[PDB]
Amino acid sequence: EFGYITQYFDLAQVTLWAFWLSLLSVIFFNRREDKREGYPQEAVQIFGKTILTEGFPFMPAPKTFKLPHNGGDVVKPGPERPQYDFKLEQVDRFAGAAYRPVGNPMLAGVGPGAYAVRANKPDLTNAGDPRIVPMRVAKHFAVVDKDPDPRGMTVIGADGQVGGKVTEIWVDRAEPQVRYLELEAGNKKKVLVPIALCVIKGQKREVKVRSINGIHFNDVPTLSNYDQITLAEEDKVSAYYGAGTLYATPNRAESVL
Amino acid sequence: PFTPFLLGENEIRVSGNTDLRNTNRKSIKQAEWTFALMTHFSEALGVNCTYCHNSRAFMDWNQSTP
Amino acid sequence: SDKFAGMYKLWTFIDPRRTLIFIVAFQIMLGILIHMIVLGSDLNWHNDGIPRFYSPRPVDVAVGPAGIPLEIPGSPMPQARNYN
Amino acid sequence: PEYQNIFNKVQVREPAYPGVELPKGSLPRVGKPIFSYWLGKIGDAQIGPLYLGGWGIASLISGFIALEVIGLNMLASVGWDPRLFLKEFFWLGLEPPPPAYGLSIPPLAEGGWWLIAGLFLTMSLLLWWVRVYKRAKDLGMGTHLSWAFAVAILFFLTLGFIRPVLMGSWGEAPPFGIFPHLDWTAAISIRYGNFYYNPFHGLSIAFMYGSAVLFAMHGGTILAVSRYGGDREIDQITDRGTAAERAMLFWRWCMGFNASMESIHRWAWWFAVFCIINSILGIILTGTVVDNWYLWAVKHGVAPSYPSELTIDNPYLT
Amino acid sequence: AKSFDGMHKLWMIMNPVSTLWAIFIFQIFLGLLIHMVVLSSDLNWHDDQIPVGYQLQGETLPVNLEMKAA
Amino acid sequence: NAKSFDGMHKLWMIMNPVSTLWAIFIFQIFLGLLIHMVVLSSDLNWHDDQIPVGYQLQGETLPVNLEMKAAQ
Amino acid sequence: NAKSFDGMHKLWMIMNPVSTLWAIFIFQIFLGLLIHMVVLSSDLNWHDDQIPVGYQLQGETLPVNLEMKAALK
Amino acid sequence: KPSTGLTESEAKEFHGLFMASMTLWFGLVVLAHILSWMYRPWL
Amino acid sequence: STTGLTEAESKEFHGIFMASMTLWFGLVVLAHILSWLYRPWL
Amino acid sequence: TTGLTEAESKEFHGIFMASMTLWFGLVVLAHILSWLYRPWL
Amino acid sequence: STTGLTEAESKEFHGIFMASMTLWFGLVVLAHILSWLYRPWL
Amino acid sequence: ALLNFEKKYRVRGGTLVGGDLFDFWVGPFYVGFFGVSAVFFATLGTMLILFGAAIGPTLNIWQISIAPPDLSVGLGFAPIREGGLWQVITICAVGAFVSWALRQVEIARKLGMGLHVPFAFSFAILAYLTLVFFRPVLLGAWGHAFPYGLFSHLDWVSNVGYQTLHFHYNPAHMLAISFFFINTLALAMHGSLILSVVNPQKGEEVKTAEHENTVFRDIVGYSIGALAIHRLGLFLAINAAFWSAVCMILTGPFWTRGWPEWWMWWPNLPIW
Ligand code: BCL
Ligand code: BCL
Ligand code: BCL
Ligand SMILES: CC[C@H]1c2cc3[nH]c4c(c3C)C(=O)[C@H](C(=O)OC)c4c3nc(cc4[nH]c(cc(n2)[C@@H]1C)c(C(C)=O)c4C)[C@@H](C)[C@@H]3CCC(=O)OC/C=C(/C)CCC[C@H](C)CCC[C@H](C)CCCC(C)C
Ligand SMILES: CC(C)=CCC/C(C)=C\CC/C(C)=C/CC/C(C)=C\CC/C(C)=C/CC/C(C)=C/CC/C(C)=C/CC/C(C)=C/CC1=C(C)C(=O)c2ccccc2C1=O
Ligand SMILES: COC(C)(C)CCC/C(C)=C/C=C/C(C)=C/C=C/C(C)=C/C=C\C=C(C)\C=C\C=C(C)\C=C\C=C(/C)CCCC(C)(C)OC
Ligand SMILES: [Ca+2]
Ligand SMILES: [Ca+2]
Ligand SMILES: [Ca+2]
Ligand SMILES: [Ca+2]
Ligand SMILES: [Fe+3]
Ligand SMILES: [Mg+2]
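Criteria and cut-off values
- Residues numbered from 1 in each chain as written, not as in the entry; some residues may be left out.
- Chains lettered and ligands numbered in written order.
- Part of a larger assembly, values for the part shown.
- Heavy atoms only, no water.
- Residues with missing side-chain atoms left out of burial classes, pairs and counts.
- UniProt positions renumbered as here; feature names shortened; annotations may be inferred.
- Contact = heavy atoms within 4.5 Å.
- Buried area = accessible area lost by both parts, 1.4 Å probe.
- Salt bridge = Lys/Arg side-chain N within 4 Å of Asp/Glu carboxyl O.
- Helix = DSSP H or I, 4+ residues; strand = E, 2+ residues; numbered from the N terminus.
- Polar contact = N/O pair within 3.5 Å; in protein donor to acceptor, adjacent residues only side chain to side chain.
- Donors = N, O, S within 2.8 Å, 3.2 Å for Na, K, Ca; no water.
- Buried < 20%, exposed > 50% of the residue type's maximum accessible area, 1.4 Å probe, protein only.
- Domains from an automatic or database assignment.
- Nonpolar A, V, L, I, M, F, W, Y, C, P; charged D, E, K, R; others polar.
- Near = heavy atom within 4 Å.
- Areas by Shrake-Rupley, 256 points an atom, 1.4 Å probe, with all protein chains shown as cover.
- Pairing = 2+ DSSP bridges.
- Axes fitted to C-alpha atoms, helices over the stretch in contact; angles between N-to-C directions.
- Parallel < 35°, antiparallel > 145°, perpendicular 65-115°, else oblique.
- Left-handed = near helix turned anticlockwise from the far one by under 90°.
- Expected span 1.5 Å × (residues − 1).
- Core = buried A, V, L, I, M, F, W, Y, C linked by side-chain atoms within 4.5 Å.

The deposited coordinates for this entry were obtained by cryo-EM, with a reported resolution of 2.82 Å.

If you check the PDB entry, chain D appears there as Reaction center protein M chain from Thiorhodovibrio sp. 970. For the record of chain D, the UniProt heading Subunit (unreviewed entry) holds the text "Reaction center is composed of four bacteriochlorophylls, two bacteriopheophytins, two ubiquinones, one iron, and highly hydrophobic polypeptide chains."

If you check the PDB entry, chain B appears there as Photosynthetic reaction center cytochrome c subunit from Thiorhodovibrio sp. 970.

Set out below in C-alpha cells:
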C-alpha cells in the first residue's frame, strides 16, 4: 500500500525531543560562562543615570585561578583595577553617540590606542625566569642563516622617513620565536616595536612600519629595566603603535569614499 | 549484475512500504547489486537517474516519470 | 482632549537623527514590499493585457497518450517538458 | 600592505627542549629531537621526542597487525602484483562476510580476515584511549581531550560493531577501501529511504557547518589581534589585556553578543562533540527502528509535495 | 477597587525608552505577520476576483480576442 | 492553612522585580504565538474553514466572472 | 500653514550634507536597476517582443542559410 | 537596586500620557475591526 | 538583601503584582468562555 | 539625555507634525486615484 | 552645530539642493511622457 | 548596555562610506551605512520569502518553497509568479551578505585590528555566488540554481548529485570533504587543550605553554604551537569552502559524463 501508517508515536520522535532539550541547555551553561569578564554591564537610563544589569541568564558564582610561583589568586567574576584617565567629548547628545579625543590623539589612550591595566610583573617560564628577554640575556639563541638578520637594518616609517636602527632582538624562551625588535630612535632612546607590525626586506635591508610616521618614533613608551618586560609595558607599547592606525595622518579617520 | 537480473530472475526492489521496522529483510549488499544494474541502465541509454526517478524517493511510482 | 498637550517632550529622551533614519528606511522598504505584493496578484497592472498585449502569447504543445509531449523519430536528444 | 602573520619571516634556534619533568617511576623519552626549516616556516620546528610506555606499545602492535592484514588482502585481490596494486589502488578493499552467515565466525577468505582486522583495530583504539588519558593526567591537566576521544571511538564502534549486532549480520558493516567505503555510504542511504530525511543527520550537518564557521571566526580573530599579544591565550585568560578586550568588542558590536577568551573554547568543544553525538543517534536508529526515512518524514509533516499533472500506473497492480 | 493605586510608579523601575522601542518594533512585526497570515487563507482580498477579475477582463477585450482569432 | 503564606512577599528580596517582569512578558508573548499556531494547525482552524461562507468560491461564481469565462 | 515649513533649512544642521548626497545617489542607482528589471519581466518587455522584427527568425530564413541547409540533405 | 532616575512626579506625568496614547491606539483598532466585520465576516 | 529592596518595598511590589496577575487571569477566563460558546472543543 | 532642551523639542515637534500631515495627505490622494482606476474591494 | 554648518551655510546648501531635485524630477516627467506616447500601460 | 571597559573604545572614524551621519550604536550593535543597508535588505528578503509562502499551498515551516524560473527563460526575466520573486530575493541576499562583510571591515578599522574575518567570510560569499551566478551563467540559464526552502533545497541537492550517477567520485568533492573532517578534529583538540590547561586537576596551579607543547609531543611526537594552530584553523576552513566552489563549477560546465569515469585517467597512464 506504499504509505500505510500503523502508529503515530515512535522512538525517533521522542529522541529528537530529548536532543532539543539537551541543546537549549548547553546554550544556557555556555552563556553563563561567557559573563565572567566585563560584567555587570552598565545600562544608561532615560536621563543619564547608569545602573548595573547582568543580562539573561544571570552571572555565575565566582571561581578561582591559582597562579604559579606564588603569583596570587584570581577571582572571576571579581573586582576590577581602576581605569587610568582618558578624556573624551561626546559628539551628539544621546547614549549611543560616538566620542572624540580631547588633546593630542596619539598621546591620549583612547580609541585604538586604549590599553588595559595588567600586573607590573613579567610573564614567567616553567622554571621561574622571565619569558620575553633580549638575545644578550638569553645567550643560547641564534638566528638561523637562510633568514635575514634584522640587526643593523633601518626602520622606515610609513611616510618614507627614517625612524632609527635595529640594535637588538627580543625572544620568547617558552616557545622559541621572535617577539620584539629594539631600535635606537632619532633622539637616542631605546624603543620596541612588535614583530607583527614590521615588514622586513632583506635586500633593501629595511624594516617598513606602516603604522606610524618617522617622527613618531621619538614618543614610543619606554621600559624601566631593559633586561625584562612586564605585562603592563607590553600593553602600553603595543597600544601606542595601534593608535597610529587611525591618528597618524589627519586623513586616516575620514571615510575612504 | 546481468547473471542474477537479466538471465536469472531476482527481485530488484529493496525499500519498505511503511516507515517503521516491518517484515523487510533485504540488506545493503542487495542494495549495491541493484545500484550496479541501474548504473548500466543509465549508461546504455545516455541518461541519468532522473530520466526515470525523483531521487528523493527512488521507490515511489507516483513520483516517477512515464 | 488637552491630555496630549505635552507630547513634544517626547523629543527630550528620543533623539531626532536615529528616528528620522529609521522612519525613512522603513517607509522605502514598505513601499517596495507593497508594490511587489500587489504585482503578484490578480490586481497586477503591468501584465494584465489592458489596454492591449504587446508581447507574443504562449503556445501550448500537444501531448501523447502518456500525457507528455511526443518524441520526434530521428532526433538525437529527447524532448523537454516542465511538469512531469 | 601590512604583515599578515601567516609565515615566520625570521627563525631562531636554541637547544631542544626535553619536556616538563614527569612523576618519579616513569620511563625515559625515546628519540633525539630534530629541526625542520619548512615546518618552522609555519609553526614549531622541533620533531620529537616521544613517550612510549605500556599502553602505547600494545597499541601500535595491535594497529600494525591490523594494517598488515588489510594490506595483504588488498594485495591478494590483484594476484600479488604490486604494479596492479598501484594501478587500481582506489578500487581495492577488504570486504565483510556475506550477510547469510549472520553473527557466526565465517571461514578466513570469506569474511574472517575482515573480522580479525576489525577486532585488532578496536583493541588498538581502546589502548590509545588509555594512553591519552594517562598522558594528560600525569602532567596534572584536566582530562578534557579523553572525553572527546571517547565520543569519536563510540561512533567508530556504532557503525561497525553495535549496529551490525543489533541487526544480526556482520555484512551490514563498512569494508576497508576508499571507493568501497564510499559505495557503502551511498547504498545505506538508498536502502533506508534517503538520509536527507533523517533528522539526526540534518542536525549533525548543522554542527559540521558550524564547526567550520566557528573555527574560521576564531582563527581570524586571534590572528587579527596578535599585534597586541593575542596569540598567548593563557595570559589573556588569567590577566585580561587589550587583545582580549578588542576581540570581544568586535563580536559584540558586530552581532550583539560575545564570549570571553576562555568561554569560546567551550563553544568549540561542544560544536565538535554534538556533530558526532547526532551521528551516533542517527545511525543507531536506522534499520532497527525506522525502515524508510522518507515515509517517516511524510508521517510527521515534513516533506514538501510537488504538483503532479500526470498518472503513472504501477505495473505490479495491473 | 483601590488595588491599582501605585501603578504609576511602574516607570521608576522600568525604563521608558526601552519599553517604547520594544512596543513599536513588536507592533510593526505583528502587523506584517497577521496581514501575511490572513492573505494565505480563504479570506484573501487581493486575489478573490471581487468585485471583478482583471486578468480575465484583459483576456477578453475585443482587441485581444480579434488578434487571438488570427 | 490561614497563615502559611504570610511571608510570601519576601520573594522580592531574592528575585529582582525588573528582570522577572521582563521574563514574564517575553514568555507570555512566546506562549501566545505558540498556542495560536498549534490550534490553527488542527481541525479547529477558523480562517480556512469556509464558515460562514467560502470567499474564493464566491468570487469564482459572480455572474460577471462567469460570463467572461464563458466567452473563451 | 503658509509658514509651517520655513525652518526647514535647519535640516542640514543635524544631517550631514555629503553623507546624504552619497546615500541619495546610491539609492537612486539601485532603484533604477530594480524598476527596469521589474518592467522587463512583464508583458511590457521591449527587448524580446519581436517588434519591429524578430531577428533570430530573420536569420533562420535567409536565402543563403536555406540553400546551405537544403544541400546538406 | 534598579532605578530609572525618575522621581514620582515625572513617573505620574509619563503614566498619564502613556495611558492616553494606548487608549487612543486601541480605539483605532476596534474601529478597523468593526469595518472589517461589516465587509467580510470571518466567524 | 540581595535585591536591594527593603521589606516595605517588597510588600508594595507584591500587592500590585498580585492585583495585576489576578486581572490578567480574569481576562483569560473570559476569552475561554467566549470561545466555548462559539466553538466547543471537548 | 538626548541633549535637546524644551525649546528645541518644541521646534522639532512643530516641523515633524507638519511634514507627517503633508505625507499622509499625498497618500490619501494616491489611494483615491487608485480606487477610481481599479477598485479592489 | 553638530554638523558644523552655520545657519547661512545651511541656507545655501538648501537652495541648491532644492533646485537640483526639481531639475531631476523634471527629467523624470519627460521620460514618462515619452514612454506613454510609445507604449501606454494603463 | 556597555561592558565595564567599553567606553574608552567608542570613538568616531574608521568608516568607508557615509561619514559622521551613520556613526552611532543602537544598544550593543554598531550601525553605520552598511548596518542600515544590511537590515534593510534582510527585512525585505524575509518579507518576500513570507509572501511567496502565502501564495503557495501551506505555511508549514518545513514545506515552504520558492523556486527559480524554468530553463526556457534562459538568462532573461521571469514572471513574478513563476520565477521573478526568486530573482528579487536573490538580489536582496547578495546585497545583505556584502553589506555584512563591509560592516565588519568598518568595525575592525575602528578597533585597530587586521582584516582576517571579513576576508574568510568572502569565501562563503564566493561559494554562494558560484551556486547562483557563475554556474548558471556558464550553463546558460538562471533555472540551474537552488530553490529557497528547508527540505526543498535538499531535493535539489539530491537530484543534482544523481545527475552524475555517483557524485562521491568527484575529485574536488573528495578534497573538500577531507578538509571538513580534519577541521572538526582540529577544533575538538584545540578546545580540549586550552580548557585542560586552565582547569587542571583539583588543587593545582594553572599550567603553562611548556605543558601545552609537552602533552602533544608525548602523545604524538610533534606540537605545532599556540599561534600556528590559529593559522592552521583559518587555512582548513577557507580551503574547505574553496574546493567546494571548484567542485560545483566543474559539474555540468566542464564534465558531463559520470564522475567515476573521470578517474579513469589514472589506471590508463602508460606506466603500469
Ligand atoms: C478559536 C480560538 C479563537 C481565539 C481564542 C483565544 C483564547 C482562548 C485566548 C485568546 C487570547 C488572545 N487572542 Mg485570540 N482567538 C482567535 C483569534 C485571534 C486572532 C486572529 C487574527 O484570528 C488574533 C490576532 C487573536 C489575538 C489574541 C490576543 C489579543 C490574545 C493573546 C494575548 C497575548 O498573547 O498576551 C501576551 C502578552 C502579555 C501578557 C504582555 C503583557 C500585556 C500587557 C499588560 C497589555 C496587553 C493587552 C492585551 C493585548 C489584551 C488587551 C485587553 C484590553 C482590555 C483591550 N486571537 C480565535 C477566534 N484567543 C488570549 C487572551 O485573551 O488573553 C487575555 C486567550 O486566552
Ligand atoms: C481583510 C482585512 C482588511 C484589513 C484589516 C485590518 C485590521 C483589523 C487592522 C488593520 C490594521 C492596519 N492595516 Mg489593514 N486590512 C486590509 C488591508 C490592508 C492593506 C492592503 C495593501 O491591502 C494595507 C497596506 C493595510 C494596512 C494597515 C495599517 C494601516 C494598519 C496596521 C498598522 C500598524 O501595524 O501599526 C503599527 C504602528 C504603530 C503602533 C505606530 C504608533 C504611532 C505611529 C507613529 C503612527 C502610525 C500610523 C498608523 C499606521 C495609521 C493610524 C491612522 C492614522 C490616523 C492615519 N491593510 C484588509 C482589507 N487592517 C490595524 C489597524 O487599524 O490599526 C489601528 C488593524 O487593527
Ligand atoms: C546525492 C548528493 C551527493 C552530494 C551532492 C552535493 C551537491 C550538489 C553539493 C554538494 C556540496 C558539498 N558537499 Mg556533497 N554530496 C553528497 C555527499 C556528501 C557527504 C557525505 C558524508 O556523504 C559530505 C560530507 C558532503 C560535503 C559537501 C561539502 C563539500 C559541500 C557543502 C559545503 C559547502 O558547500 O559550503 C559552502 C557554503 C555555502 C554555500 C554557504 C553560504 C553562506 C552564506 C553566504 C551566508 C548565509 C547567511 C544566512 C542567510 C544568514 C541567516 C542568519 C540568521 C540570523 C542565523 N557531501 C552526496 C553523494 N554535495 C555543495 C557544494 O560543494 O557547493 C559549493 C553542493 O552544491
Ligand atoms: C569529536 C569528533 C572528532 C574527533 C576527535 C578526536 N579524534 C582524536 C582525538 C580527538 C579528541 C584524540 O585525542 C586522538 C588523538 O590522539 O589524536 C591526536 C584522535 C585521533 N583521531 C585520529 C584520526 C581521525 N579522527 C577523525 C574524526 C574525528 N576525531 C571527529 C571529527 C577521523 C575522521 C573524520 O575520519 C580520523 C581519520 C587519529 C590521528 C587519533 C587516534 C590515533 C590512534 O588511534 O592511533 C593508534 C592506532 C593505530 C592504527 C596505530 C597504527 C598507525 C596509524 C595508521 C597511524 C595514524 C595515522 C593517521 C590516522 C593517518 C590517516 C589515515 C587515513 C587516511 C586512513
Ligand atoms: C531584524 C530587525 C527586526 C531589526 C530591527 C532592529 C533595528 C531597528 C536595528 C538594530 C541595528 C543593527 C544594525 C542590527 C543588526 C543585527 C541583526 C538585526 C541581526 C544579526 C544577528 C546575527 C546575524 C546573529 C547570528 C548569531 C549566530 C547564529 C552565530 C553563529 C556562531 C556562534 C553560535 C557563535 C557563538 C560563539 C561566539 C559568541 C563567538 C564569538 C567570539 C569569537 C569567534 C572569538 O574568537 C573570540 C575570541 C576572544 C574573545 C571573544 C571571542 C568571541 O566572542
Ligand atoms: C602491501 O601492503 C603491506 C602489507 C606491505 C602493508 C601496507 C598497508 C596499506 C597500504 C593499507 C591500506 C589501507 C586502507 C586504504 C584502508 C582504508 C580504510 C577505510 C577508509 C576504512 C573505513 C571504514 C571501516 C570501518 C568503520 C570498520 C569498522 C569495524 C569494526 C568496528 C569491527 C568490529 C569487530 C569486532 C569488535 C570484532 C568481533 C569479533 C567476535 C570474535 C567478537 O565475533 C564473535
Ligand atoms: Ca496594464
Ligand atoms: Ca478583492
Ligand atoms: Ca471562518
Ligand atoms: Ca522591441
Ligand atoms: Fe584559541
Ligand atoms: Mg562493496
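Moving on from the model shown.
Novice: I'm lost on the interface of chain L and chain D in this one. Help?
Specialist: The figure often quoted for interface size is the accessible area lost as the parts come together. Each partner contributes residues to the interface: chain L has 91 residues there, and chain D has 93 residues. Both sides together, the interface formed by chain L and chain D hides about 8700 Å², and carbon and sulfur atoms give 67% of it. A per-residue breakdown of the area chain L buries against chain D is headed by L:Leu187, L:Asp218 and L:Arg231, which together make up 8% of the total. Here chain L is connected to chain D by four salt bridges. L:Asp218 is the salt-bridge partner of D:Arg29, the closest N and O atoms lying 3.2 Å from each other. Secondary structure elements with two or more residues in the side of chain L that touches chain D: β2 (29-30), α2 (80-111), α3 (116-139), α4 (153-162), α5 (171-198), α6 (209-219) and α7 (228-250) of chain L.

Novice: How should the side chain of E:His46 be read in this particular structure?
Specialist: Within the fold, E:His46 resides in the loop between α1 (16-39) and α2 (54-59). Polar side-chain contacts of E:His46 include one of 3.3 Å to the side chain of E:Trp45. If we ignore the near neighbours within four places in the chain, the residues touching E:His46 are C:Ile37, C:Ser41, C:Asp42, C:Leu43 and E:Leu39.

Novice: When you look at the coordination of the calcium ion (ligand 10) in this model, what are you seeing that I'm missing?
Specialist: In an ideal octahedron of six donors the angles at the metal are 90 or 180 degrees, and in an ideal tetrahedron of four donors they are 109.5 degrees. Distances from the calcium ion (ligand 10) to its protein donors, G:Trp46 (O), G:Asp49 (OD) and G:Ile51 (O), fall within 2.4 to 2.5 Å. G:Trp46 gets classed as partly exposed once you look at its relative accessible area, which sits at 35%.

Novice: Would you mind showing me how to read the pattern of salt bridges here?
Specialist: Pairing is possible between side chains that carry opposite charge, provided their charged atoms lie close to one another. Here the structure, examined in full by the defined rule, presents 57 salt bridges over all chains. Of the charged contacts in the structure, one is a salt bridge between A:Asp92 and C:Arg17, with a shortest N-O distance of 2.1 Å. Taken together, the positions of A:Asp92 in the loop between β5 (88-90) and β6 (99-101) and C:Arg17 in helix α1 (residues 16-39) put the pair across two chains. Look at A:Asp92 and you get buried, because its relative accessible area is 14%.

Novice: How should the domain arrangement of chain D be read in this particular structure?
Specialist: Residue and element names in this part refer to chain D. By domain assignment, chain D separates into domain 1 (1-142) and domain 2 (143-301). For domain 1 versus domain 2, the separation of C-alpha centres amounts to 23 Å. Counting from both sides, the interface comprises 31 residues of domain 1 and, opposite them, 26 residues of domain 2. Considering only the surface of domain 1 that becomes buried against domain 2, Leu103, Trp114 and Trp129 emerge as the three largest contributors, covering 22% of it. In this assembly, domain 1 and domain 2 are joined by zero salt bridges. In this assembly, domain 1 and domain 2 are joined by 10 residue pairs in polar contact. With 13 residues, helix α4 (residues 112-138) is the largest single contributor of residues to the side of domain 1 that touches domain 2. Partitioned by chemical class, the residues of the side of domain 1 that touches domain 2 number 22 nonpolar, seven polar and two charged.

Novice: Help me understand the site of ligand 1 in this model?
Specialist: The local shell around ligand 1 holds 14 residues, among which F:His36, F:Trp46, F:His47, I:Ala31 and I:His32 are the closest. More than one chain approaches ligand 1, the contributing ones being chains E, F and I. In the environment of ligand 1, an oxygen atom lies 3.1 Å from a nitrogen or oxygen atom belonging to the side chain of F:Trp46. Secondary structure elements with two or more residues in the shell around ligand 1: α1 (17-40) of chain F together with α1 (7-38) of chain I.

Novice: Please explain the site of ligand 4 as it appears in this structure.
Specialist: Looking at ligand 4, there are 16 residues lining it, with D:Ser124, D:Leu125, D:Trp128, D:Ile276 and L:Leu185 nearest. Neighbouring residues of ligand 4 are not confined to one chain but are distributed across chains D and L. One of the side-chain nitrogen or oxygen atoms of D:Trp128 is found 3.2 Å away from an oxygen atom of ligand 4. For ligand 4, whose unbound accessible area comes to 1200 Å², protein coverage reaches 58%. In the shell around ligand 4, the residues fall into 13 nonpolar, three polar and no charged.

Novice: Looking at this structure, how should I read the UniProt feature "binding site: bacteriochlorophyll a" (unreviewed entry) in chain D?
Specialist: All names here are of chain D. Per the UniProt record, "binding site: bacteriochlorophyll a" (unreviewed entry) is annotated on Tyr196, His201 and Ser279. Considering the C-alpha atoms alone, the annotated residues occupy 84 residues of sequence yet fold into one spot, their largest mutual distance being 13.2 Å. Among all residues touching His201, those that are not within four sequence positions of it are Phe195 and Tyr196. Reaching out from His201, the side chain makes a polar contact with the backbone oxygen of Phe195 at a distance of 3.0 Å. When you line up the elements, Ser279 lands in helix α10 (residues 263-284). Contacts of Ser279, omitting those with residues within four sequence positions, involve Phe155 and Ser204. At 3.0 Å, the side chain of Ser279 and the backbone oxygen of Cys275 are in polar contact.

Novice: Mind showing me how you'd approach the pairing of strand β12 (residues 190-194) of chain A here?
Specialist: Within a regular strand, side chains alternate between the sheet's two faces. Residue and element names in this part refer to chain A. Most of β12 sits out of view: four of its five residues are buried. Taken together, the five bridges between strand β11 (residues 177-184) and β12 define a ladder with antiparallel strand orientation. The residue of β12 that forms the bridge with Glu182 is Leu192. Counting the residues in the hairpin turn of β11 and β12 gives five residues, including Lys188, whose phi is positive at 70°.

Novice: I would appreciate a short explanation of the packing of α5(L) against α6(L) in the present structure.
Specialist: Angle between the axes and distance between the axes: these two values describe a pair of packed helices. Residue and element names in this part refer to chain L. Between α5 and α6, the shortest axis-to-axis distance is 10 Å and the interhelical angle comes to 130°. When the interaxial angle is binned, α5 and α6 end up oblique. Where α5 crosses over α6, the handedness of that crossing is right-handed. Residues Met189, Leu193, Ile194 and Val197 of α5 form the contact with α6, whose participating residues are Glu212, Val215 and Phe216. Across the contact of α5 with α6, the residue classes tally to six nonpolar, no polar and one charged.

Novice: In this structure, what is going on with the arrangement of the chains? I would like to understand it.
Specialist: Ranked by contact count, the leading pair among the 34 pairs of chains in contact consists of chains D and L. One finds no contact linking chain B with chain K; the least C-alpha distance across the pair is 42 Å. Contact between chain H and chain L is absent, and the minimum C-alpha spacing across the pair is 14 Å.

Novice: So what exactly am I meant to see when it comes to the coordination of the calcium ion (ligand 8) here?
Specialist: Coordination of the calcium ion (ligand 8) by the protein comes from E:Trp45 (O), E:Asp48 (OD), E:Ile50 (O) and J:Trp40 (O), over a distance range of 2.4 to 2.6 Å. Looking at E:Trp45, the relative accessible area reads 21%, which means it is partly exposed.

Novice: I tried to follow helix α6 (residues 179-191) of chain D on my own but got confused; where do I start?
Specialist: All names here are of chain D. Over its 13 residues, α6 runs 18 Å from end to end, which matches the ideal 18 Å to within 8%, given 1.5 Å per residue. Of all 13 residues in α6, 10 are buried, a share of seventy percent or more. Considered for burial, the residues of α6 that qualify are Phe179, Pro180, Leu182, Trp184, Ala186, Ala187, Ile188, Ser189, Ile190 and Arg191.

Novice: In this structure, what is going on with unusual backbone geometry? I would like to understand it.
Specialist: Negative phi values dominate among residues other than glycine, just as trans dominates among peptide bonds. Residue A:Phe56 is joined to A:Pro57 through a cis peptide bond whose omega torsion reads -5°. Position of A:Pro57 relative to the elements: it lies in the loop between β2 (50-52) and β3 (63-66). Backbone torsion omega between D:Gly48 and D:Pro49 reads 0°, so that peptide bond is classified as cis. Of note, D:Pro49 is situated in the loop between β3 (46-47) and α2 (55-76).

Novice: Hey, could you run me through the pairing of strand β4 (residues 73-76) of chain A in this one?
Specialist: Residue and element names in this part refer to chain A. The alternating pattern of β4 places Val74 and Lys76 on a buried face, while none of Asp73 and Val75, on the opposite face, is buried. Where β3 and β4 come together, four bridges link them in antiparallel fashion. Counted as the bridge partner of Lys63 is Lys76 from β4. Where β3 hands over to β4, the hairpin turn is made up of six residues, of which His69 adopts a positive phi near 60°.

Novice: Would you mind going over the nonpolar core with me for this structure?
Specialist: The tendency in soluble globular proteins is for nonpolar side chains to be buried side by side. In this structure, C:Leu33, D:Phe179, L:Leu44, L:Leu48 and L:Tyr148 are the most contacted members of the largest nonpolar core, which totals 48 residues. Sorting elements by how many residues they give to this core places α2(L) first, with eight residues. Shared between two domains, this core holds at least three residues of each, these being domain 1 (1-163) and domain 2 (164-263) of chain L. The contacts of L:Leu44, once residues within four sequence positions are left out, are C:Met29, C:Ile32, C:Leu33 and L:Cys92. If you look at the next biggest cluster of nonpolar residues, it comprises 46 residues, including D:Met141, D:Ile237, D:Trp251 and L:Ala108.

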